[PDB]
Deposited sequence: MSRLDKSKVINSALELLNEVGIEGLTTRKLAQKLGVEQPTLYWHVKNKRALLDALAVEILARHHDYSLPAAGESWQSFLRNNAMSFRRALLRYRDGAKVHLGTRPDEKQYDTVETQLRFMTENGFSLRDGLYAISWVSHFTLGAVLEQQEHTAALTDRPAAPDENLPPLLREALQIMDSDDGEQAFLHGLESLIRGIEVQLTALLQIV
């Protein structure tokens, strides 16, 4: 049963959705592919290897806003990128955990390099351009991991009603906007005292 790299990964992504990050094993993947374990091992040595491949493909398939447009503002870049990252992570079960668990890839540095060039051309130091992107990343990952994880007193109750209703999109977008404005302030200040 076809053991092309593409086909292994695809069967693995399907499996990820059935069983989650814990449950997913090479033993279960071979059963799925209709193939003996030593035959799969020839192709995929371990779970670590499999997960790395998965982490790269999820972004390859869904993370479509990774490079800025022509003449785009840094603010809009960071907003579109984070929106894109977020939906790429929400696409598969435990998707955020798959991303957390893997060292970055030899395309992810090339794309991040254009991203960081873009930031330095817009007034960001380099450490600062790196930080700004890290922070948006951290914020988005944290927001997704709590959304993907989770399926008394009066005030907590009373503000619940937007905890449910919306999936987390409004809360996420409000906070992303807050974070980008804060990074603006620091940037434009240069520094007089801010």
| property | result |
| --- | --- |
| Sequence ranges without modelled C-alpha atoms (deposited numbering) | 1, 153-165 |
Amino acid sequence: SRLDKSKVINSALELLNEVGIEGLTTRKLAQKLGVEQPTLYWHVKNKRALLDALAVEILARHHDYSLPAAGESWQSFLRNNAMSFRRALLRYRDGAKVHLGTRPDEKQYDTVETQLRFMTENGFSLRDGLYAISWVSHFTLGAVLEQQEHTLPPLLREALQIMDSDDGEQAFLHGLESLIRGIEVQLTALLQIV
From here on, numbers count along this sequence of modelled residues.
property: Residue stretch of maximal mean CA temperature factor, 32-40 vs 135-143; result: 32-40
property: Of 73-81 and 106-114, the one with larger mean CA B-factor; result: 106-114
property: For residue 130, the third of its chain into which the C-alpha B factor falls; result: lowest
property: Entry-reported Cα temperature factor of residue 19, expressed as the chain third it lands in; result: highest
